[PDB]
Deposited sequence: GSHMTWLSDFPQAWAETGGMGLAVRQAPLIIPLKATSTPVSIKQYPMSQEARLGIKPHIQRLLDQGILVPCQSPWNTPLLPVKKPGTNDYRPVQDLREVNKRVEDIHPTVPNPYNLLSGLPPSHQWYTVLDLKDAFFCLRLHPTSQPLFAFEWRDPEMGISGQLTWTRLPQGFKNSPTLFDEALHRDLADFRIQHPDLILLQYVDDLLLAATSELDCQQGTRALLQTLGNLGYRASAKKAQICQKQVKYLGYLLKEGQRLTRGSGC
């Protein structure tokens, strides 16, 4: 089966990802920026108990680490933790937005390629490491009142809510999939951050190409959702569109 044939490529069986070929990312600040430390708004016990198992898992995975940083931004409960990084985003140097919009991305799908595989990369941003010099930027406070732990944590991987994460991830995955494109010139591969479409001319080519892509992704340290995968179908949902008979 697709599950047991590629255990490394699936998030369900391969563990948390880590893009081993990508250097830890340095995040340049604007020329005038200095650290901003925003106080954490007091969190209700209900919210803290909701957030706590997520924090603990991320600590166990090494995605969060303790730190002392002159930067601090608040967490809010939404229960899953959401960090308000807007004041960090204002202080980070802008980069050119290179992710194409879906309309233009789908214009590269020719009618000759009507067999599709759609993969969704799980925890994609967390596969990209942050350089230790840039980790303090993303610090937040974590207090366990009944555990006597009050201090800061920060991210060792590209965080959610950071304005440049989608673009940096898309660029990284393009670098890591460049060779795959060269080895498979007959395949169409569309990338939209963590959402991938592979298109082939026949079911057999789509099966062979999907095998190669899963092998490559897992080897590089990325992880796809086996639950969401649409493998070798002539009809797929991709980026809000239904792809069918070369339409949409």
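K.L.:
List in ascending order the stretches of the deposited sequence, numbered from 1, that lack C-alpha coordinates.
P.N.:
Missing CA coords at 1 to 4, 83 to 89, 260 to 266.
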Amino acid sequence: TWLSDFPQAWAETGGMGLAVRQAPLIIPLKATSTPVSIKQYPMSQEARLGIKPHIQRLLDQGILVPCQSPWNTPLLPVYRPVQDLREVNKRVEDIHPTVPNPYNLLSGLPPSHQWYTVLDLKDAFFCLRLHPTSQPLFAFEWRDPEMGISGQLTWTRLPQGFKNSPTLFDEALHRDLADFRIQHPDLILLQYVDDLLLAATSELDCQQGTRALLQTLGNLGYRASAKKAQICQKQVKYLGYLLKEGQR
From here on, numbers count along this sequence of modelled residues.
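The term rigid core refers to the maximal set of C-alpha atoms that superpose within 1.5 Å between the two forms.
K.L.:
Looking at C-alpha RMS in 6 other deposited structures of this protein with the core superposed, is it 134 to 142 or 69 to 77 that drifts more?
P.N.:
It is 69 to 77 that deviates more in 6 other deposited structures of this protein.
K.L.:
Note whether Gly148 lacks coordinates in a third or more of the other compared entries that model its flanking residues.
P.N.:
Comparison shows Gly148 dropped in at least a third of the other entries.
K.L.:
Would 142 to 150 or 105 to 113 have the larger average of its C-alpha temperature factors, as given in the entry?
P.N.:
Mean C-alpha B-factor is greater for 142 to 150.
K.L.:
Tell me which stretch, 203 to 211 or 56 to 64, has the higher mean Cα B-factor listed in the entry.
P.N.:
It is 203 to 211.
K.L.:
In terms of CA temperature factor as recorded, identify the highest of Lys122, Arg129, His96, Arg80.
P.N.:
When the deposited C-alpha B-factors of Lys122, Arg129, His96, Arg80 are compared, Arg80 is largest.
K.L.:
Out of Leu76, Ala172, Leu137, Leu85, whose C-alpha atom has the biggest B factor in the entry?
P.N.:
The record points to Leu76.
K.L.:
How does the C-alpha B factor of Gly17 compare with the rest of the chain: lowest, middle or highest third?
P.N.:
Its C-alpha B-factor belongs to the middle third of this chain's values.
K.L.:
Relative to the other modelled residues in the chain, which third contains the C-alpha temperature factor of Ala9: lowest, middle or highest?
P.N.:
Answer is middle: the recorded C-alpha B-factor places it there.
K.L.:
Taking only the Cα B-factors deposited for this chain, tell me whether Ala224 sits in the lowest, middle or highest third.
P.N.:
Tercile = middle for this residue's CA B-factor.
K.L.:
Using the temperature factors of the C-alpha atoms in this entry, rank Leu217 within its chain: lowest, middle or highest third.
P.N.:
According to the entry, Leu217 has a C-alpha B-factor in the chain's lowest third.
K.L.:
Considering only modelled residues of the same chain, in which third does the CA B-factor of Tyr41 rank: lowest, middle or highest?
P.N.:
For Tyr41, whose C-alpha B-factor we compare with every modelled residue in the chain, the answer is the highest third.
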